[PDB]
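Visitor:
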Amino acid sequence: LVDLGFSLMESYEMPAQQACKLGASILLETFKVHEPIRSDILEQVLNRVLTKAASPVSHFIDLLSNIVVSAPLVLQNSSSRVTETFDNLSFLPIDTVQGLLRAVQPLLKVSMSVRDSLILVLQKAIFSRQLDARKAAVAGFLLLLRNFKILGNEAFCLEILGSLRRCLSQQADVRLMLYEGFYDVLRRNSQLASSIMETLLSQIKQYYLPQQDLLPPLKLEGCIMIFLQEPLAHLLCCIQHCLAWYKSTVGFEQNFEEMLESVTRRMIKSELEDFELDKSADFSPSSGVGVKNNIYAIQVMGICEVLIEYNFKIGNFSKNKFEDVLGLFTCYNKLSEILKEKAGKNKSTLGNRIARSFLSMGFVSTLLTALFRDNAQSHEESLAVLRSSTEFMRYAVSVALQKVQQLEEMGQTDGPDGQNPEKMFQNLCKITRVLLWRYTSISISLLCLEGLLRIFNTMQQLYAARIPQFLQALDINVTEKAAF
Amino acid sequence: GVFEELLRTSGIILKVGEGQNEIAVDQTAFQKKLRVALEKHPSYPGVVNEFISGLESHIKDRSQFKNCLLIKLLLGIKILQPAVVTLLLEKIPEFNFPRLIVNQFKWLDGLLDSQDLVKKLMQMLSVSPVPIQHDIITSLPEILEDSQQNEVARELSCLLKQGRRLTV
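Protein sequences appear in the order of chains B and A.
Numbered by the entry's author numbering, the letters in the first sequence go through residues 384 to 396, 415 to 553, 582 to 654, 660 to 684, 700 to 891, 905 to 937, 948 to 956 in order.
Numbered by the entry's author numbering, the letters in the second sequence go through residues 48 to 116, 138 to 163, 174 to 246 in order.
So this is what it looks like as structure tokens:
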């Protein structure tokens, strides 16, 4: 049986998917059945697991994770391999490293030698001058930060805090992933949250440029040079998410809100003339000044999205915050429409209609519920004036349409809890109602037709076992309501 | 010495020989105490110069030279970074001492110069013998802080063209 499965897994490389599923199932069954070959099977698959560096090994990591979660102590009896498994781990991260780490995580949390060896490898990984594979190292370290418990030795954390910060001055693509991944580990500790917030405060103050009634505070020229090395929209989104979590869990936080409030106030008390991009005929593609302005344009409207999200949480039925929100969007589309991106004569609509958004799925879910079906005397007409902004209506759902398309093709998506399916599934349940109802209200409705058509195609292809929950939330009579 | 007086007042007492400095063994307490001492005693520019001279005299002493293998906290200071670099450059030709210095510089943090220490290392490799030059050059990935990546790469390619005896 084990020889058959070893042949099967390679034969899988549709029919290939069925063969891989069959091989994995028979290996899991024989591991759960054939007790005396458990150690030999584990050693053989570990030898095979690190056997296809160039070829995809996703099925390998899946089967290894299944056998490890079935028998947590199998690899413990398979010792002298926890240290060995890191031979060439930082070569081809295609999410393989993340899966391997997640599968072996119980072993690390019950194996101190493995933790020490990975710490030793961490110095070599993070200090790699090249950027071809340094992303895998930082991704693994970020996952490990949540891998170890935050009960409360704390000296371990106090030591490992500064390791990643030592590599903060890195490439923009490399600097990207820590911003997205810091929120996950921030919900696992209190002192670590303070330290991460302080480090991010230093980073943002590196670009804030405080002043009053003057030029736009964001020193956009810092990341101009040809390429860029300091993304700002992702950093600001991480800032707002970490601030929200820190406030919920319960002066840097006073500095955070003041800086956020000031920059939002600075943005509305500014215009394109205040920014470096004043005239329409200013920047052009394949131009040194053009691409610089092109990067600046890409950054600034990305910033506008983040401040929109933050003020919504702060402005609980607050017209003044809504007035700032609505005015902020007027700057966002001012760059768009006419000088969108640059111009883009290709009759194509990247990201539904706009570039990759920066809004948490919870917020856009809640924004539409406030925007549509959010009728009540509690609101102070802020929704109504928001409803007056017709382009705000179009942009309100257009971001989510890109978001669901991200989940449509890829199995994950940007924003907090994006890769959590059960958290996403609840969000998927709530969003669909307003999209369908808005169409039935009786252009804008044509957007909702795309939004629905993509939401079904996702859950039928992603949440196969979760369909009954959606059908219950749609309001085993599956056919009855579907025909309705 | 002013550096010795500041160290005794706060931080690490004056250790003799290779013995450990009389400070807490941690990057937090020892560095904070050293920074407090440096802000207190050598605060005056003349006192700052006196402390720099005392630290240089201690570094020149073989006892503190063996102790360094405090000094680490002082080098971590932003002002002490150029001083530490100058001390290392001075001790390079005069002293596996160069190998130990290269290893210490390996995985180092941000110094006071992003495009000068690389030039100093290149000059030392040009002047230094075969093994010393090879050790210095092999540290370039650590020394390549992205401050002078491309230019140093071109200069190193030219040296390789002229360096057939040390191409590996």
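No residue lacks a Cβ here, since even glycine has one placed at the ideal position from N, Cα and C.
Can you list the residues of chain A that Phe528 of chain B reaches, using a CB-CB cut of under 9 Å?
Guide: The residue given as residue 528 of chain B occupies position 127 in the first sequence. Ordered by position in chain A, the residues that pass the 9 Å Cβ test against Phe528 of chain B are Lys184, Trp185, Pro219, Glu220.
Visitor: Taking the beta carbon of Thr56 of chain A as the centre, do at least 16 other beta carbons fall within 10 Å, making it buried, or is it exposed?
Guide: Reading the second sequence from its first residue, position 9 is the one you call residue 56 of chain A. Exposed, by the Cβ-count rule.
Visitor: Can you have a look at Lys80 of chain A and say buried or exposed, based on whether 16 or more other CB atoms are within 10 angstroms of its CB?
Guide: Start at 1 with the first residue of the second sequence, and residue 80 of chain A comes out as number 33. Buried: at least 16 other Cβ atoms inside 10 Å.
Visitor: Name, please, each residue of chain A whose Cβ falls closer than 7 Å to the Cβ of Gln524 of chain B.
Guide: Your numbering for residue 524 of chain B matches position 123 in the first sequence. Here the neighbours are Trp185.
Visitor: Go to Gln934 of chain B, then tell me how far its alpha helix (DSSP H) extends in each direction, as first and last residue.
Guide: For the purposes of this step, residue 934 of chain B is taken as the residue at position 472 of the first sequence. Looking at the DSSP string, the run of the alpha helix (DSSP H) that includes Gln934 of chain B is 929-936.
Visitor: Give the C-beta separation of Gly58 of chain A and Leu138 of chain A to the nearest angstrom, bearing in mind that I take them to be a contact with Cβ-Cβ under 8 Å.
Guide: In the second sequence, the residue the question calls residue 58 of chain A occupies position 11. In the second sequence, the residue the question calls residue 138 of chain A occupies position 70. Here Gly58 of chain A really is in contact with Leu138 of chain A; their C-beta atoms are around 7 Å apart, less than 8 Å.
Visitor: Go ahead and pull the three-state DSSP assignment for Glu69 of chain A.
Guide: Locating residue 69 of chain A in the second sequence gives position 22, counting from the first residue. In the structure shown, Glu69 of chain A falls within a strand segment according to DSSP collapsed to helix, strand and coil.
Visitor: For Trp886 of chain B, report the span of its alpha helix (DSSP H) as first-last.
Guide: Here residue 886 of chain B corresponds to residue number 437 of the first sequence, with the count starting at 1. First-last of the alpha helix (DSSP H) with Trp886 of chain B: 870-890.
Visitor: At 3 residues or longer, what runs of the beta strand (DSSP E) sit wholly inside the region 595-642 of chain B?
Guide: none
Visitor: On the CB-based measure, 16 or more other CB atoms within 10 Å of its CB, does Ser847 of chain B come out buried or exposed?
Guide: The count along the first sequence starts at 1 and reaches residue 847 of chain B at position 398. Buried is the call here.
Visitor: Can you tell which of B:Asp731, B:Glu707, B:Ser481 has the C-alpha that lies nearest to the C-alpha of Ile787 of chain B?
Guide: Counting from 1 along the first sequence, the entry for residue 787 of chain B is found at position 338. When only C-alpha atoms are compared, the closest one is B:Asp731.
Visitor: At the level of alpha carbons, what is the spacing between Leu587 of chain B and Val180 of chain A?
Guide: If you number the first sequence from 1, residue 587 of chain B lands on position 158. If you number the second sequence from 1, residue 180 of chain A lands on position 102. Cα-Cα distance, rounded: 28 Å.
Visitor: Could you tell me the distance, in whole angstroms, from the CA atom of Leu817 of chain B to the CA atom of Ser905 of chain B?
Guide: Mapped onto the first sequence, residue 817 of chain B falls at position 368. Mapped onto the first sequence, residue 905 of chain B falls at position 443. The straight-line gap from Cα to Cα measures roughly 17 Å.
Visitor: Report buried or exposed for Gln599 of chain B, applying the criterion of at least 16 other Cβ atoms within 10 angstroms of its Cβ.
Guide: Walking along the first sequence from the start, residue 599 of chain B turns up at place 170. With 16 or more Cβ atoms within 10 Å of its Cβ, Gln599 of chain B is classed as buried.
Visitor: How many angstroms separate the CA atom of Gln211 of chain A from the CA atom of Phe175 of chain A?
Guide: Taking the first residue of the second sequence as position 1, residue 211 of chain A is located at position 133. Taking the first residue of the second sequence as position 1, residue 175 of chain A is located at position 97. Rounded to the nearest whole angstrom, the C-alpha separation of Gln211 of chain A and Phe175 of chain A is 14 Å.
Visitor: Taking only runs that begin and end inside the region 784-808 of chain B, name each unbroken beta strand (DSSP E) of 3 or more residues, in chain order.
Guide: DSSP runs (the beta strand (DSSP E)) wholly in the region 784-808 of chain B: none.
Visitor: Please report how far the alpha carbon of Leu552 of chain B lies from the alpha carbon of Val511 of chain B, in whole angstroms.
Guide: Taking the first residue of the first sequence as 1, we reach residue 552 of chain B at position 151. Taking the first residue of the first sequence as 1, we reach residue 511 of chain B at position 110. Taking the straight line joining both Cα atoms gives about 15 Å.
Visitor: Check whether the region 501-511 of chain B and the region 463-470 of chain B are in contact - that is, three or more C-beta pairs closer than 8 Å.
Guide: yes
Visitor: Would you tell me roughly how many angstroms separate the C-alpha atoms of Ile744 of chain B and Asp727 of chain B, rounded to the nearest one?
Guide: The residue you call residue 744 of chain B lines up with position 295 of the first sequence. The residue you call residue 727 of chain B lines up with position 278 of the first sequence. Going from the Cα of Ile744 of chain B to the Cα of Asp727 of chain B covers about 15 Å.
Visitor: Looking only at its own chain, which residues have a Cβ that is under 7 Å from the Cβ of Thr628 of chain B, when we skip the five neighbours before and after it?
Guide: For the purposes of this step, residue 628 of chain B is taken as the residue at position 199 of the first sequence. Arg594.
Visitor: Taking only the alpha-carbon atoms, compute the straight-line gap between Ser459 of chain B and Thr497 of chain B and give it to the nearest angstrom.
Guide: One-based indexing of the first sequence puts residue 459 of chain B at position 58. One-based indexing of the first sequence puts residue 497 of chain B at position 96. For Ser459 of chain B and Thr497 of chain B, the distance between alpha carbons rounds to 6 Å.
Visitor: Does the structure place the region 614-633 of chain B close enough to the region 714-724 of chain B that three or more beta carbon pairs sit under 8 Å?
Guide: no
Visitor: Answer with buried or exposed for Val470 of chain B, where buried requires no fewer than 16 other C-beta atoms within 10 angstroms of its C-beta.
Guide: In the first sequence, the residue the question calls residue 470 of chain B occupies position 69. Exposed.
Visitor: For the alpha helix (DSSP H) that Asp386 of chain B lies in, which residues bound it at each end?
Guide: Counted from its first residue, the first sequence places residue 386 of chain B at position 3. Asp386 of chain B -> alpha helix (DSSP H) spans 385-395.
Visitor: DSSP has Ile60 of chain A in a bridge; who is on the other side?
Guide: On the second sequence, position 13 is the one that residue 60 of chain A refers to. A:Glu69.
Visitor: Going by the CB atoms, is the gap between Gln861 of chain B and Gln851 of chain B shorter than 8 Å?
Guide: Locating residue 851 of chain B in the first sequence gives position 402, counting from the first residue. Locating residue 861 of chain B in the first sequence gives position 412, counting from the first residue. Taking 8 Å as the Cβ cut-off, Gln851 of chain B and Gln861 of chain B do not qualify as a contacting pair.
Visitor: Classify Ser440 of chain B: buried if its beta carbon has 16 or more other beta carbons within 10 angstroms, exposed otherwise.
Guide: One-based indexing of the first sequence puts residue 440 of chain B at position 39. With fewer than 16 other beta carbons inside 10 angstroms of its own, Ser440 of chain B counts as exposed.
Visitor: Assuming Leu666 of chain B contacts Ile757 of chain B under a Cβ cut-off of 8 Å, what Cβ separation, rounded to an integer in Å, is found between them?
Guide: Position 232 of the first sequence, counted from the start, is the residue given in the question as residue 666 of chain B. Position 308 of the first sequence, counted from the start, is the residue given in the question as residue 757 of chain B. Rounded, the Cβ-Cβ distance is 15 Å, inconsistent with contact.
Visitor: Do you know how far the Cα of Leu775 of chain B is from the Cα of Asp642 of chain B?
Guide: Walking along the first sequence from the start, residue 642 of chain B turns up at place 213. Walking along the first sequence from the start, residue 775 of chain B turns up at place 326. Going by the C-alpha atoms only, they are around 21 Å apart.
Visitor: Are the region 879-889 of chain B and the region 827-839 of chain B touching, with three or more C-beta to C-beta distances below 8 Å?
Guide: no
Visitor: State the DSSP-derived secondary structure class of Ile527 of chain B, mapped to helix, strand or coil.
Guide: Mapped onto the first sequence, residue 527 of chain B falls at position 126. Helix.
Visitor: Thinking C-alpha only, which one of B:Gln499, B:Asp602, B:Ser518, B:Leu597 is nearest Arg547 of chain B?
Guide: By 1-based counting over the first sequence, the position of residue 547 of chain B is 146. Closest option to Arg547 of chain B, Cα to Cα, is B:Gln499.
Visitor: Using 8 Å as the threshold, is the C-beta distance between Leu443 of chain B and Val475 of chain B below it?
Guide: The sequence position of residue 443 of chain B within the first sequence is 42, counting from 1. The sequence position of residue 475 of chain B within the first sequence is 74, counting from 1. Against a cut-off of 8 Å, the Cβ pair of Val475 of chain B and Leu443 of chain B comes out as a contact.
Visitor: Just the C-alpha distance for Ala231 of chain A and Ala534 of chain B, rounded to the nearest angstrom, thanks.
Guide: Against the second sequence, residue 231 of chain A aligns to sequence position 153. Against the first sequence, residue 534 of chain B aligns to sequence position 133. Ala231 of chain A and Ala534 of chain B: Cα-Cα distance of roughly 20 Å.
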